[PDB]
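To start, the structure under review is shown below, and the notes come after it.
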Number of protein chains: 2
Amino acid sequence: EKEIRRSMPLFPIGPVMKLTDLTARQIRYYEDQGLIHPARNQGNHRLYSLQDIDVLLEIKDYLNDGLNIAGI
Amino acid sequence: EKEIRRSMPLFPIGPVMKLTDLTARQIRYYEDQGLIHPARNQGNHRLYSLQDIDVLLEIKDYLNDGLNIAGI
DNA sequence: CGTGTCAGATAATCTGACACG
DNA sequence: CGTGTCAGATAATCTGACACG
């Protein structure tokens with residue numbers, strides 16, 4: 001009942017910039033890097049999931065201390 | 001721990017049109033009618049809350065059967 | 001008395017290439 | 001090898017007035 005409401009693509013890239021402190025440039029750099037694949041809009045926007053937002057914070061925490069992308 | 005994550009204004013009027021079947025014209029008609037007050041963006045957009053989305057469905061159910069606005 | 005649709009704005013997001021300590 | 005910022009597009013949202021069975 002949890003892996004359905006969260007994994008549903010609901011937010012655009014704006015609100016997720018508010019939750020995190022990540023810049024659209026950071027959040028979209030991780031897309032063409034091979035570790036996050038959020039849904040697309042009818043207008044080719046990016047829908048992020050509630051658990052995908054947690055995944056963008058999984059990276060946020062693995063980057064305030066420091067780490068590359070090939071490692072994660 | 002529930003009346004904080006929900007009541008936080010997070011969605012714009014687009015995603016809430018997806019959850020409901022309500023048109024932006026309906027969702028914004030209820031604003032200038034005196035029964036819903038969602039937050040504004042820096043760009044003067046409308047942030048809806050997760051419990052505000054429930055309130056827009058409270059109206060959705062009180063309108064498939066039929067009812068005015070002065071009553072609710 | 002509730003909602004579709006228009007037309008002209010403004011904010012938000014797209015991809016592409018360039019910049020740099 | 002990760003991110004700011006640019007410039008020109010397109011989708012998304014604003015307010016205002018008009019339409020109608």
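Order determines the names: the first chain of the structure tokens is A, the second B, and so forth; residues in each chain are numbered 1 upward, and ligands are numbered 1 upward as they are shown.
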Inset, instruction - When you get a sec, could you note down which chain C residues fall within 8 Å of chain A, using only C-alpha atoms (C1' of nucleotides), as a ChimeraX atom specification? - result: /C:12-14
Write out the coordinates of chain B as a PDB file with C-alpha atoms, in the first residue's frame after a least-squares overlay onto chain A built on all ordered Cα pairs.
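So part-v2.pdb came out as:
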```pdb
ATOM      1  CA  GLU B   1       0.000   0.000   0.000  1.00  0.00           C
ATOM      2  CA  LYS B   2       3.235   1.989   0.173  1.00  0.00           C
ATOM      3  CA  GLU B   3       5.102   0.939  -3.004  1.00  0.00           C
ATOM      4  CA  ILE B   4       2.154   2.230  -5.071  1.00  0.00           C
ATOM      5  CA  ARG B   5       1.390   5.755  -3.839  1.00  0.00           C
ATOM      6  CA  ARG B   6       5.098   6.646  -3.733  1.00  0.00           C
ATOM      7  CA  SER B   7       6.376   5.061  -6.980  1.00  0.00           C
ATOM      8  CA  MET B   8       3.523   6.847  -8.848  1.00  0.00           C
ATOM      9  CA  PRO B   9       5.044   9.716 -10.904  1.00  0.00           C
ATOM     10  CA  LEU B  10       3.348  12.803  -9.550  1.00  0.00           C
ATOM     11  CA  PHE B  11       5.882  15.788  -9.043  1.00  0.00           C
ATOM     12  CA  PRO B  12       7.561  17.892 -11.699  1.00  0.00           C
ATOM     13  CA  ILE B  13      11.153  19.030 -11.346  1.00  0.00           C
ATOM     14  CA  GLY B  14      10.127  22.279  -9.645  1.00  0.00           C
ATOM     15  CA  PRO B  15       8.652  20.979  -6.384  1.00  0.00           C
ATOM     16  CA  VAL B  16      11.520  18.469  -6.011  1.00  0.00           C
ATOM     17  CA  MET B  17      13.976  21.372  -6.178  1.00  0.00           C
ATOM     18  CA  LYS B  18      12.086  22.677  -3.133  1.00  0.00           C
ATOM     19  CA  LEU B  19      12.225  19.428  -1.118  1.00  0.00           C
ATOM     20  CA  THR B  20      15.918  18.915  -1.809  1.00  0.00           C
ATOM     21  CA  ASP B  21      18.428  21.691  -2.297  1.00  0.00           C
ATOM     22  CA  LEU B  22      19.341  20.193  -5.681  1.00  0.00           C
ATOM     23  CA  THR B  23      19.466  22.293  -8.860  1.00  0.00           C
ATOM     24  CA  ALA B  24      17.554  21.214 -11.972  1.00  0.00           C
ATOM     25  CA  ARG B  25      20.979  20.890 -13.590  1.00  0.00           C
ATOM     26  CA  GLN B  26      22.032  18.378 -10.901  1.00  0.00           C
ATOM     27  CA  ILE B  27      18.745  16.457 -10.967  1.00  0.00           C
ATOM     28  CA  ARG B  28      18.845  16.135 -14.742  1.00  0.00           C
ATOM     29  CA  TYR B  29      22.542  15.327 -14.833  1.00  0.00           C
ATOM     30  CA  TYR B  30      21.752  12.150 -12.916  1.00  0.00           C
ATOM     31  CA  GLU B  31      19.236  11.192 -15.619  1.00  0.00           C
ATOM     32  CA  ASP B  32      21.648  10.876 -18.563  1.00  0.00           C
ATOM     33  CA  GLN B  33      24.100   9.170 -16.208  1.00  0.00           C
ATOM     34  CA  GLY B  34      22.321   5.812 -15.922  1.00  0.00           C
ATOM     35  CA  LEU B  35      20.933   5.703 -12.383  1.00  0.00           C
ATOM     36  CA  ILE B  36      17.487   7.387 -12.408  1.00  0.00           C
ATOM     37  CA  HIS B  37      14.646   7.177 -14.940  1.00  0.00           C
ATOM     38  CA  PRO B  38      11.587   9.290 -14.060  1.00  0.00           C
ATOM     39  CA  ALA B  39       8.464   9.369 -16.176  1.00  0.00           C
ATOM     40  CA  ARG B  40       7.692  11.842 -18.941  1.00  0.00           C
ATOM     41  CA  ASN B  41       4.746  14.162 -19.325  1.00  0.00           C
ATOM     42  CA  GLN B  42       2.537  14.565 -22.321  1.00  0.00           C
ATOM     43  CA  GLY B  43       4.653  17.661 -22.906  1.00  0.00           C
ATOM     44  CA  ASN B  44       7.890  15.815 -22.306  1.00  0.00           C
ATOM     45  CA  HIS B  45       8.336  17.049 -18.733  1.00  0.00           C
ATOM     46  CA  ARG B  46       9.839  14.912 -15.963  1.00  0.00           C
ATOM     47  CA  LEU B  47       7.558  13.325 -13.389  1.00  0.00           C
ATOM     48  CA  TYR B  48       9.431  12.285 -10.278  1.00  0.00           C
ATOM     49  CA  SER B  49       8.090   9.751  -7.802  1.00  0.00           C
ATOM     50  CA  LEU B  50       7.973  10.085  -4.035  1.00  0.00           C
ATOM     51  CA  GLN B  51      10.485   7.228  -3.764  1.00  0.00           C
ATOM     52  CA  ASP B  52      12.485   8.667  -6.652  1.00  0.00           C
ATOM     53  CA  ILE B  53      12.768  11.831  -4.539  1.00  0.00           C
ATOM     54  CA  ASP B  54      14.184   9.613  -1.839  1.00  0.00           C
ATOM     55  CA  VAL B  55      16.679   8.274  -4.436  1.00  0.00           C
ATOM     56  CA  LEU B  56      17.747  11.816  -5.319  1.00  0.00           C
ATOM     57  CA  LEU B  57      18.424  12.293  -1.604  1.00  0.00           C
ATOM     58  CA  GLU B  58      20.319   8.971  -1.468  1.00  0.00           C
ATOM     59  CA  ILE B  59      22.662  10.771  -3.893  1.00  0.00           C
ATOM     60  CA  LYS B  60      22.401  14.046  -2.005  1.00  0.00           C
ATOM     61  CA  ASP B  61      23.830  12.340   1.092  1.00  0.00           C
ATOM     62  CA  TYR B  62      26.495  10.553  -0.996  1.00  0.00           C
ATOM     63  CA  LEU B  63      27.708  13.938  -2.277  1.00  0.00           C
ATOM     64  CA  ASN B  64      27.862  16.286   0.715  1.00  0.00           C
ATOM     65  CA  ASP B  65      30.628  14.019   1.992  1.00  0.00           C
ATOM     66  CA  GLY B  66      31.904  13.427  -1.541  1.00  0.00           C
ATOM     67  CA  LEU B  67      31.830  10.592  -4.105  1.00  0.00           C
ATOM     68  CA  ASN B  68      31.899  10.299  -7.877  1.00  0.00           C
ATOM     69  CA  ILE B  69      29.086   8.989 -10.088  1.00  0.00           C
ATOM     70  CA  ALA B  70      30.789   5.868 -11.445  1.00  0.00           C
ATOM     71  CA  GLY B  71      30.997   4.588  -7.878  1.00  0.00           C
ATOM     72  CA  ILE B  72      27.354   4.953  -7.086  1.00  0.00           C
TER      73      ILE B  72
END
```
Residues of chain A in alpha helix (DSSP H), written as a short mmCIF file (atom, residue, chain, number, x, y, z; two decimals) with C-alpha atoms, in the first residue's frame:
```
data_model
loop_
_atom_site.label_atom_id
_atom_site.label_comp_id
_atom_site.auth_asym_id
_atom_site.auth_seq_id
_atom_site.Cartn_x
_atom_site.Cartn_y
_atom_site.Cartn_z
CA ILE A 13 11.15 19.03 -11.35
CA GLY A 14 10.13 22.28 -9.65
CA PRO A 15 8.65 20.98 -6.38
CA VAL A 16 11.52 18.47 -6.01
CA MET A 17 13.98 21.37 -6.18
CA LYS A 18 12.09 22.68 -3.13
CA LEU A 19 12.23 19.43 -1.12
CA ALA A 24 17.55 21.21 -11.97
CA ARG A 25 20.98 20.89 -13.59
CA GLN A 26 22.03 18.38 -10.90
CA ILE A 27 18.75 16.46 -10.97
CA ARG A 28 18.85 16.14 -14.74
CA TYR A 29 22.54 15.33 -14.83
CA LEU A 50 7.97 10.08 -4.03
CA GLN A 51 10.49 7.23 -3.76
CA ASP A 52 12.48 8.67 -6.65
CA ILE A 53 12.77 11.83 -4.54
CA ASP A 54 14.18 9.61 -1.84
CA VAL A 55 16.68 8.27 -4.44
CA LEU A 56 17.75 11.82 -5.32
CA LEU A 57 18.42 12.29 -1.60
CA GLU A 58 20.32 8.97 -1.47
CA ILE A 59 22.66 10.77 -3.89
CA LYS A 60 22.40 14.05 -2.00
CA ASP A 61 23.83 12.34 1.09
CA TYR A 62 26.49 10.55 -1.00
CA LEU A 63 27.71 13.94 -2.28
CA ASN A 64 27.86 16.29 0.71
#
```
Inset, instruction - Could you tell me how far atom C1' of residue C:18 lies from atom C1' of residue D:6, in Å and to one decimal? - result: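 That distance, rounded to one decimal, is 8.7 Å.
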Out of stretch 6-47 of chain B, which residues get strand (DSSP E) from DSSP, as a CSV table (one decimal) with C-alpha atoms, in the first residue's frame?
```
chain,number,residue,atom,x,y,z
B,39,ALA,CA,-0.4,28.6,-1.3
B,40,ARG,CA,1.2,30.8,-4.0
B,46,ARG,CA,-1.0,27.6,-6.9
B,47,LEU,CA,0.5,25.1,-4.6
```
Legend entry - Atom-to-atom span, atom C1' of residue C:8 and atom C1' of residue D:7, Å: 23.2 Å
